[PDB]
Amino acid sequence: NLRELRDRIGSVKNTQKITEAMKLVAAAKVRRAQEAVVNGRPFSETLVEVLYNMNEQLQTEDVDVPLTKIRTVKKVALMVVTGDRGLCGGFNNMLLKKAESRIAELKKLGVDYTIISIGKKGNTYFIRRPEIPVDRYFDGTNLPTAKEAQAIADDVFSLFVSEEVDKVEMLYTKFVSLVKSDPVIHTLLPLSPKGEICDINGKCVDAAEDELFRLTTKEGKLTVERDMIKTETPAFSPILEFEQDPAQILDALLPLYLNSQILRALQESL
Amino acid sequence: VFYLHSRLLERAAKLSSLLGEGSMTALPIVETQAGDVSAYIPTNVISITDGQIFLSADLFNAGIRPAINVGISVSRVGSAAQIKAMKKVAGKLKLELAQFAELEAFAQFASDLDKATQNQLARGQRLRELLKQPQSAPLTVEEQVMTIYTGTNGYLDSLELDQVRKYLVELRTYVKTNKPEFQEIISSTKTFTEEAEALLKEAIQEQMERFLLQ
Amino acid sequence: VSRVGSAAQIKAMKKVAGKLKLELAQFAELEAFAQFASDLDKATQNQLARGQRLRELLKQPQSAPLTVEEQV
Amino acid sequence: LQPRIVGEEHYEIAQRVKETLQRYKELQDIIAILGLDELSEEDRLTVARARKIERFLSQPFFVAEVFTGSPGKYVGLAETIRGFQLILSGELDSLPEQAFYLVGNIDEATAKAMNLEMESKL
Amino acid sequence: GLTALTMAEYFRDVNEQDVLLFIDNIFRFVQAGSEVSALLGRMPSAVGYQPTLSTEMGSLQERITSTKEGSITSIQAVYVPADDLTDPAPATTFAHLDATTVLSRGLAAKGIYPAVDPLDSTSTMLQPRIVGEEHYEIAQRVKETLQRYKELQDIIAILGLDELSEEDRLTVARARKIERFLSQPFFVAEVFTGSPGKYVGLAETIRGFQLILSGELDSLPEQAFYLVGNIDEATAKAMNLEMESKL
Amino acid sequence: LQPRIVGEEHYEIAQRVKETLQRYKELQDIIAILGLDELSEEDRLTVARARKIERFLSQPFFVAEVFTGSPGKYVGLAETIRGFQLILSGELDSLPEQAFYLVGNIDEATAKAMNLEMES
Amino acid sequence: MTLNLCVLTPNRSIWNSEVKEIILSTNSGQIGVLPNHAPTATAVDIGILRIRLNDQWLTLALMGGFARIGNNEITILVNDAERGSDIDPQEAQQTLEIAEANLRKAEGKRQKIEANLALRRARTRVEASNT
Amino acid sequence: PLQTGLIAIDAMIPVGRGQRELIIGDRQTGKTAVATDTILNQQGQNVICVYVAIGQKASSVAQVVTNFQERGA
Amino acid sequence: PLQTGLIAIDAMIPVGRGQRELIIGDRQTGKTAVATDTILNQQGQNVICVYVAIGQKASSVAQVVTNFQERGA
Ligand SMILES: Nc1ncnc2c1ncn2[C@@H]1O[C@H](COP(=O)(O)OP(=O)(O)OP(=O)(O)O)[C@@H](O)[C@H]1O
Ligand SMILES: Nc1ncnc2c1ncn2[C@@H]1O[C@H](COP(=O)(O)OP(=O)(O)OP(=O)(O)O)[C@@H](O)[C@H]1O
């Protein structure tokens, strides 16, 4: 019927307007995420300064660290960072298949695999699945700004101090390019004595591979560009005075780095 | 049928100076079935007539009464037939309504738009509350200039989305009672002058204060 | 539709299925609308499951009549 | 349906009912494409209320007993206006939508909510 | 329409003057022929037009030519009913038309007069083997710049004009210069405006756009190209505006 | 297409193919605007199976050999029913789509798949 | 000399002032700062940071970190900080109550360690709040 | 200017004297409503109003006529 | 073969002698262009060419016959 055809065409036009506006909204959210990570850089950068000052001053032989000791892998804590929303292409499904592959690999090594579901789509996926081991379902409602980072920090702290779930590795999607991004696995715990992010098996230095991406436009369409300016720490006057033994002082410092890494990962996945 | 409607409609027009400057506005009505405005008699009357005031039942149900369709409606006479005060406020009003009509598909996303387009949504939202009128309650040109000025200047961002109608009716009555120079100014000159502009700003803020103390 | 209603049944089938058409149409809505919502509350989920069971009941093969006892 | 004839309360409640239903229908296809989570608080709120109102405008008829199975209920204008005022203000904003289906009054809808609540507890 | 046609046709067949034949508008002549056939009682064609739509349109659209003597150029308004470009009346009219200029409410509301949209408007005459490769390439580059501007219309607002790359910043800059140079002070709209009327030949036009788009006049203010005749008057106005900006 | 005529296996596989193609015809309206990414696990399963099915239905003809260049295949019911049984069972789920396009037997489909994995 | 206070949470700079008298705790216990306080590197515990510019010492809490009070710079990297008066003492006591109750439910080992840490972080909140 | 009494019309669709402004709509969108609104606005200035009803209910003509009566127009 | 002289047609769509082939498309897509192309490409081959114009514009027909006179074809 002519009325029905005109109605369905008005419906498709309404859908076109709704989605076209959602595109600009998502672009603005990308811009705010970019503006957040550049402001979060001072914390992690100054802490990398002070933290590689530490392995220059203590000469690396004065460490006995809870968050660095390697107890051989017997139970593993793989952290699944999944976006809360939907209609986001296949960003969720890509990592909810990467986790299946990674678990099917390490399921014979790490007999018990502990999935930590950060997000909302993962919290649906793992309750739909027949109960994969899940410690705390992390979801977001006023949490994702600061409380989420802090809560991940608390969970991994309590899980790592009683050293059963060693080799903690989190799964996220570093948005290298706007069109394509794949879910990486970065070993956050055991935290290395030097500030190099632990890749697969923890054997690769990832300070160079880590990048900050900002928005611009190649001649035709807007696209991200990879931008980095990074150096190594100076001595910063190693005559500096420690209020306690640097062992315990770095034991009190490593939760800060443990927090900052998780916050920047939750910004990258966002 | 086109010959019929053309003869009947074109019998009504503004006579010249010598013949007496008589005139005859034809305000015809056609009813359209299921929005088929390109049907035979609709396209005939739309072709013959100068303007078209298009009424929409989806606005009518939505509360926006009179339910005219502002993006579809046209008048090839235009601002020529407007009072000078009316055109001075109507330019700004039309620009604001064009802006909110563009931003209509961004009202759900009023949580993460820039505050500028947020405020354009706010202004157009109040302006929709402005244009609604009760049944068969006609306004005078001076009261309408009052209303469009209060809207276009930006004096309704404070009051919430519903009170706007009650606020504006109280505004018109308070101005009528306590600043009777405005209507006299516009009746004499038919031009929005800086004196009446200042007088209206004063009366507006006065009514706003007393209404807020309620 | 059927413009006779329960008067084209018996007391037994009327007692067992007087409200069934309206409830099944309302459940066709509830099952057609709850594809948009992500997670459902348990009452609606159980009504949806029961409506799907109801939809599996009404499958009838070719050349097979059901008596009134089997229908009730 | 004009104020001086039907009373200001009846007119305002009729206008609010039509408004919520029109919001719902202008939103329904956008929801059908997008999903339901992505709406604002007031958007999801009006959607739920409009579905409940669409249920509550149903009624068991005195002659439609052979079609429904329930007994027909005569519903007065005061009872209707009150029930729609409540459902629009959001008193009943936690009751099942299905409790608003084939009910005459609004106390019947509350009692039917009670019955479904107990049936779920068993 | 035939009356106006023969009155024009005299002016070029005998006097060999370049005539302009405005027909406002073609659709109403088409439906008037439809009404005539309806009264005459001849069976209708498709959706409601007269059976001789093509032949009736031909009888009026083939006296408009350029003979050995003169030339009638027909600048006729066209109306599309039910938004059809495929309704018989628009389809038959377009079968005859050679170029369409489309005026948009956007440029009218803004203030780039005339309100012609250089993208919605097209010509079949803008082939290289008709207008010259230089004209063709300048028109193509202008269209590409204006189209890229329409594509960046949403991007630039969110991204900030500075966060753009240098190529896209150049594109938006030159696009604004071009879109403002499209404005012209009219000979007949001077009574309203106050700006004297101007005439711009194609030499002035092609060289003006070559200068603007080739990056050479990329150091002029936006307003220096607005409602100006040619690029020489654009430079004159630019020097005026810069002296007015110094003090 | 009635069991009393065609055998219960033929009838059942025909009903299952008709089912799955119906479900894909339904999901076409969604996938047109969205893409296959937004579908459920069972929905995406049915859509992948329906792609394989609607391509396996295709067969090169002897009289079209002048337009396709590919030698037409003749494949009767004993191989038709079996091939479709396999496609709707999902043993051949590892194969791509282009393996079932323009082949007569499911064995030729699998051989073309082995070629599509020989060409790395 | 006269030292600057740029404390900072992971994402921003919480407090970027240049104030006179600053007294913050540490792992070893309690310490303080006077301008030109010698080159030092102290990991501040979960402990309140009173901060006295000329007239006012308003207590700015923090959930732990690391300070460097050296040459013309006092930078406190903190995982999360929230000032005293900003959190209201009533809901602060409420969080203190539910946190102590969770410490009662601290039957598990890792649960008990996280209970201790969350309790102490919620504690220093109240310790800055009502004062 | 012919003041119709509606803010929306008198601002955005200005009607003049000697202009043939069409009112077009669906069932019950308020066409006769805007018509009576204009006629009732034009008490003040000196115009003659004409209202030609074609094929309407005598009861509807009775309603509109009684309305103009109690209004004074 | 009827060598149409066009790369795409001679590659994909071989038009042989005595085969009725259709040229279908929108307005202004090149149908007359390919027609004149093929007729001009019969300068070497023995085939005589015929071209009819049912209701075409007189300026278009003049341009066509002028190009044919120019090629001598
Ligand atoms: N601006 C308005 N504000 C409030 N109510 C209105 C308005 N316009 C119309 N109505 C209401 O809408 C109803 C229909 O109005 P009206 O009869 O003018 O529409 P109509 O187009 O004449 O209908 P029809 O096309 O059937 O003749 C009236 O009962 C009136 O109460
Ligand atoms: N291969 C080509 N290369 C360059 N220009 C071409 C080519 N083909 C067509 N054109 C140009 O396109 C325009 C339209 O060509 P043509 O007259 O063949 O279209 P048409 O289909 O005959 O149009 P209509 O359908 O209106 O008759 C002509 O001006 C011609 O110069």
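- Method of determination, as given in the entry header: cryo-EM; reported resolution: 3.60 Å.

- In the nomenclature of the PDB entry, chain C is known as ATP synthase subunit alpha, chloroplastic of Spinacia oleracea.
- This entry carries the title "Chloroplast ATP synthase (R2, CF1)".

- Chain A carries the name ATP synthase gamma chain, chloroplastic in the PDB entry, which gives Spinacia oleracea as its organism.
- UniProt annotates chain A under Function with the comment "Produces ATP from ADP in the presence of a proton gradient across the membrane. The gamma chain is believed to be important in regulating ATPase activity and the flow of protons through the CF(0) complex."
- Entered under Subcellular location in the UniProt record, the comment concerning chain A runs "Plastid, Chloroplast thylakoid membrane".

Notes on the interface of chain D and chain A
Part 1 of the reasoning: Taken residue by residue, the interface counts five residues in chain D and seven residues in chain A.
Part 2 of the reasoning: Buried surface at the junction of chain D and chain A, both sides included, amounts to about 550 Å², of which 65% is carbon and sulfur.
Part 3 of the reasoning: Summed over the three residues of chain D that lose the most area to chain A, namely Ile30, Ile33 and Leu34 of chain D, the buried surface amounts to 67% of that side.
Part 4 of the reasoning: Summed over the shared surface of chain D and chain A, the result is zero salt bridges.
Part 5 of the reasoning: At the junction of chain D and chain A, the tally comes to one residue pair in polar contact.
Part 6 of the reasoning: When grouped by side-chain class, the residues that make up the side of chain D that touches chain A number three nonpolar, no polar and two charged.

What about the site of ligand 2?
Residues and elements named next belong to chain I.
Part 1 of the reasoning: The local shell around ligand 2 consists of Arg27, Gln28, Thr29, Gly30, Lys31, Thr32 and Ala33.
Part 2 of the reasoning: In the environment of ligand 2, an oxygen atom lies 2.7 Å from a nitrogen or oxygen atom belonging to the backbone of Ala33.
Part 3 of the reasoning: In isolation ligand 2 offers 630 Å² of accessible surface; the protein chains occlude 54% of this area.
Part 4 of the reasoning: Partitioning the shell around ligand 2 into residue classes produces one nonpolar, four polar and two charged.

Let's talk about the interface of chain B and chain H
How large an interface is tends to be reported as the accessible area lost when its parts come together.
Part 1 of the reasoning: Listed per partner, the contact involves 61 residues of chain B and 39 residues of chain H.
Part 2 of the reasoning: Roughly 4,200 Å² is buried in total at the junction of chain B and chain H, and carbon and sulfur atoms are behind 65% of that figure.
Part 3 of the reasoning: Put simply, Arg20 of chain H and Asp50 of chain B hold a salt bridge, and the shortest N to O gap is 3.5 Å.
Part 4 of the reasoning: Counting across the chain B and chain H interface gives 20 residue pairs in polar contact.
Part 5 of the reasoning: Of all elements in the fold, only helix 1 (2-10), strand 1 (29-31), helix 2 (40-48), strand 2 (51-54), helix 3 (57-62), helix 4 (84-102) and helix 6 (141-153) of chain B reach the threshold of two or more residues within the side of chain B that touches chain H.
Part 6 of the reasoning: Sort the elements by how many residues they give to the side of chain B that touches chain H and helix 4 of chain B lands first, with five residues.

Here's the deal with a nonpolar patch on the surface
All names here are of chain E.
Part 1 of the reasoning: On the surface, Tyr113, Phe186, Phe187, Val188 and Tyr199 cluster together to form a nonpolar patch covering roughly 620 Å² of accessible area.
Part 2 of the reasoning: Mapped onto the elements of the fold, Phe187 is located in the loop between helix 8 (166-181) and helix 9 (202-213).
Part 3 of the reasoning: Under the relative-accessibility criterion, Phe187 is labelled exposed at 51%.

Some words on the packing of aromatic side chains
Part 1 of the reasoning: What the rule picks out here adds up to 13 aromatic pairs over all chains.
Part 2 of the reasoning: Between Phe56 of chain F and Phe100 of chain F, the aromatic rings sit 6.1 Å apart at their centres with planes inclined by 70°, giving edge-to-face as the arrangement. On the criterion of sequence distance, the pair formed by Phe56 of chain F in helix 3 (residues 41-56) and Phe100 of chain F in the loop between helix 5 (77-89) and helix 6 (106-118) is long-range, its members being 44 residues apart.
Part 3 of the reasoning: Lying over the aromatic face of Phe33 of chain C, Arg51 of chain D brings its terminal NZ or CZ to 4.3 Å of the ring centre.

The rules behind these values
Residues numbered from 1 in each chain as written, not as in the entry; some residues may be left out. Chains lettered and ligands numbered in written order. Part of a larger assembly, values for the part shown. Heavy atoms only, no water. UniProt positions renumbered as here; feature names shortened; annotations may be inferred. Contact = heavy atoms within 4.5 Å. Buried area = accessible area lost by both parts, 1.4 Å probe. Salt bridge = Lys/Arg side-chain N within 4 Å of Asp/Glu carboxyl O. Polar contact = N/O pair within 3.5 Å; in protein donor to acceptor, adjacent residues only side chain to side chain. Nonpolar A, V, L, I, M, F, W, Y, C, P; charged D, E, K, R; others polar. Near = heavy atom within 4 Å. Areas by Shrake-Rupley, 256 points an atom, 1.4 Å probe, with all protein chains shown as cover. Helix = DSSP H or I, 4+ residues; strand = E, 2+ residues; numbered from the N terminus. Patch = residues over 30% accessible without salt bridge, like charges linked within 9 Å, V, L, I, M, F, W, Y side chains within 5 Å. Buried < 20%, exposed > 50% of the residue type's maximum accessible area, 1.4 Å probe, protein only. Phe/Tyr/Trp six-rings, centres within 6.5 Å; stacked < 30°, edge-to-face > 60°. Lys NZ or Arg CZ within 6 Å of the ring centre and 35° of its normal.

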